Structures are given as structure tokens and as C-alpha cells.
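Taking the form deposited in one PDB entry, here's one chain by itself in C-alpha cells.
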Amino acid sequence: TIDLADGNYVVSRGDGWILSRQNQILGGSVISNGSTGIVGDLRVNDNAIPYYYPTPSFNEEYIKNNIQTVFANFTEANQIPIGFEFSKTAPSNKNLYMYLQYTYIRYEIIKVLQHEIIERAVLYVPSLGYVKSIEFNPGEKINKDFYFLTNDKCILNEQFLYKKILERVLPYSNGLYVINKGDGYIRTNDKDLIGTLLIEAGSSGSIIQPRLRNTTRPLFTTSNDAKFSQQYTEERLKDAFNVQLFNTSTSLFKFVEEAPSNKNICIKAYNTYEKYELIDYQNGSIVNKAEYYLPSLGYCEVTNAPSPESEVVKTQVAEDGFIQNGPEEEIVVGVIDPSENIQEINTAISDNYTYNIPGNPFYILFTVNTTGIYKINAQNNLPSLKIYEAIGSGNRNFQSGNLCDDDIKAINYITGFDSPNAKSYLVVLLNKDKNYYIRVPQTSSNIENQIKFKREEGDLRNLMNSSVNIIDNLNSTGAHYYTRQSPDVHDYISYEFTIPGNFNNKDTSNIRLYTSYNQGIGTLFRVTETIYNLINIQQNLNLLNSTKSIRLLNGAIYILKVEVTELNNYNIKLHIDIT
């Protein structure tokens, strides 16, 4: 013809192509007096035979492979059976004839030389269907053209989609996360298009997934099939949200549109996915990542019916990829590492409990007897611990003063650090009817350690939901900094430090307290210990590159609690500069 650019091209001429001569080869219904006729079909293996019209340059295999590279793979989609139907209601005291015809997507392979198409192979792939209806009287003459098409024709507007044939800081604790990135995900270039129905004005039209076969094709990518295999990811999905069926479904979706009396209507259906990510996060880095696109329940676009004789505007294909047509969603859900054993405290912790550690990382499942602030630590505050909440423990099986296991592997990090040589203790509000997981990290000592739990009825409640770092051995002048994993916005980190010198209760020293990268509100306490009381000294201290200085009593213990208000870096570096 006359086109543009030299070489071979794969082209999608669009959906809605009906073929010549074979209009009534499926039959039609006659409906009389106000009755509604519903005609439809079910495309499967057998009825989804495509029609190849090759050329010497472009054989069937070449046509197939190149079309399925860029566009919907119709050899796998002829597996999952899809239905459609049309519904016309005859008027009173007059008859109506409607007949059904398959629609096709018309793909082409073209050779272009000097702005001319020299060769064209065509492939018609079965899509859905089109019903045409007429009202008729006994021996009313009907136009031959109503029954019979002499040339291939698109009932929709045609398309010319071609391609030349070349031939963020995550403040997460270390561990596994399963993230729901949302629903309504389709691939580009209609690789997940179900089909299109032209719905004549006054008629009605549906596109159906009846699950006559109970099989779905999830989409799985992984960075390491050894660590994150599909089976493993499915388990994490089970752990995270309790997904059961992955390659199966009993769940039906249908889309239905009734065209008004005055105007025709068009409806396009897609298979969709719900996008999950499984990540392995370590020290600010995604060490492994899989993507699981779980077969969902579809997307449906309803447009007014476009002139079948419109201007065909040629467009180049998009890059392989996804588009979310559903709303935005991020659900981050930690999951118990299955490489890490779970030990159990069968007693609800009341005022005091001491768990003896045999001496490889592990979780400890436990609950409290009474909602309250608990201090938790190992001996000498080494190693550093982490505490997670099992998600949705509350309001199931209960027994006063005893643990009931809900068997929840979905964990919600509260506070704690992954630094086995840094001294810390935890101060957490624990809820009586929840379960919690303590995570004990890997240690290279074989010395019998012990985790200690203590109910705090005092001022240590001000450190609520915080790990407290123990800062040893400040010198009497100069700089000091302390890099740790930053909490998220509005989460907490605390630091317990003793001012240089001997305690006189009069001699002070000039301390400057600030962060380096992240913004934080700092509240400062002075510890006075008889049997911990915290005196609040300043709690309006914004820390990011602060220069403010406050004189603190020498040889006296203080605790700084910091609220992250701007997460600019994975780490939070804390400066304590002394004068």
C-alpha cells in the first residue's frame, strides 16, 4: 500500500474482525412476543483454531512465534475456557431474529520496501463473538447483506499496532517480607485481553469466566530459584496472607453491560493479577526478590462504540511490562523465617520471667498475663534482641495466664536491632491477648545466656516501644557517634549513656546531642536509681544537625528517646559531643 520504514513488521489490526461467508454457520434464534433470547458460546481448545494465511517469506511458525512474542499467546489461552453471551428482548406482537458469529483478532506480518507493502501474511485468532438482530414480518424482504458478508471486516474500529522484527529507603528489620503491591494488573499490548463485545443498542452483553476448568496461570519471576523458588514463594504467600489456591480457582467473574436504546456500546475484558513481592532484606539491601502475580478476577473497560470506519492511526507497541488498573496498595507483611526454630513460653508472663537459652537464630513465642510495659533483655544486654507481634492474635483462643498458639507466621516488627555485639534492652507495651515473637540472633559465644522479662510499673513506660542502646565509656571531651538501623517515621530509638567523670551532683559537662542524616524529636531523661525513675529534662529537641547544648551531671546516667520524623537514610547516626 503506502506506509513507512523498511523491514518486516508484526501487526495487530485489532479485535472485532468477522469473516466473509461464515456469518450464520452457528445458527440463530427467533423470538416472538416480549420473550428474551440469550445466545452465547464458550471458546475452548477445539473452537479456538486460528486461521493462518501465510506467504513464502512468512510461514505459519514464523507468524505464530512473532505474534506470540509481542502479543497474547493464543496457544496457552486456548486452555482456559472463556464465555460470552448476548441478550435481546423481542417487542410485543412482532418477531425477532438474532444470529451469532465468532469475532477474531487480525494479526499480520508485513514486508515493507520503499514505503510499500510487498507481502502480507495474515493470522485470524478467535476472540469472542457478535450477534446481529433484526425484527421481521411474515414475508418481509431482508437485505442479503444482513445475512451474508462478502469481505472480511472489522465491526470495531481497526488498529495498527506494529513492531519491527529484528532478525526509596526501606526502614525494615532484616528478614523476609511479602508485599501486596495491589490488584488489577494486566500486561501491555493486550497480552491478557479476554476480548471485546460490540453490543447493539437495546441489547445486552456479557463476558464470563465460569471456571469450567479450575486452572490459572500465575506469573512468577525470581532472582534466585534456589532460595526463592515458586514453591517457597507460595509458602511465604501462605504465611503472609494465607493464600491457598495458586494454580487453581473456584472463583467466578462475569462482566455485564446493557447498551441504551439510542447508542451502541463496547466492552473490553482482561484477565488481571494481584501483584505480590517476596523480598529478603539485609542491612538496607534486597538480597533476593521474587514476584508472584496471583491470578485475580479481572478488569472491564466500557466505551461508546467507535465508528467502524474510523481513521486508523498506526502505533508502535509498548515495552513488555505491567499496568495496574486497580487502586494503589502496599501491604507489607513480615514472615517467620522457616530456617529459624520457634521455642515457646507456655506461661503468660506476669511480673517476672527468666528464659534460659540452651546457650543459631530463633524465635520465642510468648504472651503476657496483663497488658503493660515489659523490659526484655539477655544477660548483660548482649545479644541485642528483636520483638515482633503475630498479626491478628487478639480475640481468639484465651486462657487466663496461659499461652494459646494461633499458629501465625505473619509477624509485625515492633522494635529491636540486628547487631549481635551491641548492648541493648527492649521496652515494649505488650497486650494480654496477643502473642509476640522475640527473635534471638546468631551469637559466637557458647556461654549459657538467658532472656529476662520484667513488668515495669514505673517510669520506664516513657521508653515505650523502643530499644535502648547501652553506650559505654564516654571520654570527658570530644566527639562520639553511634550508627544504628533507623526506625520508621514515628517509631522510636533510645540511648542510655553515662556522663564522663565522678558524680558530685554539682559538676556538670556540656553535651551536644544531634543526628546526622535523619530528623528526630529527642526527649531526654535522667536516671536516678533506687530499686529506675526517669526525670524529664528536655523533650522539644529537634536533632538533625543540631548545635544546641545542655549541661548534664557528670557520672550520671541519662536516656535519650528519639522519634524519627524524616527517614532520609537506612541508618541513624547519633552524635554525643562533649565540651
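So that the term is clear: the rigid core is the largest set of C-alpha atoms that superpose within 1.5 Å between two forms. The first residue of the shown sequence is 1; numbering continues from there.
Another form exists, deposited in another entry; not displayed. Remarks below refer to it.
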| remark: Superposing on the rigid core between this form and the one not shown, the only one of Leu219, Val312, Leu297, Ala479 with a Cα displacement of 2 Å or more is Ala479
| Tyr374 C-alpha shift between this form and the one not shown of 2 Å or more, rigid core reference | no
| message | Once both forms sit on the same rigid core, is the C-alpha displacement of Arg13 at or above 2 Å between this form and the one not shown? | response | no
| query | Using the core for the fit, does the CA position of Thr250 change by 2 Å or more between this form and the one not shown? | reply | no
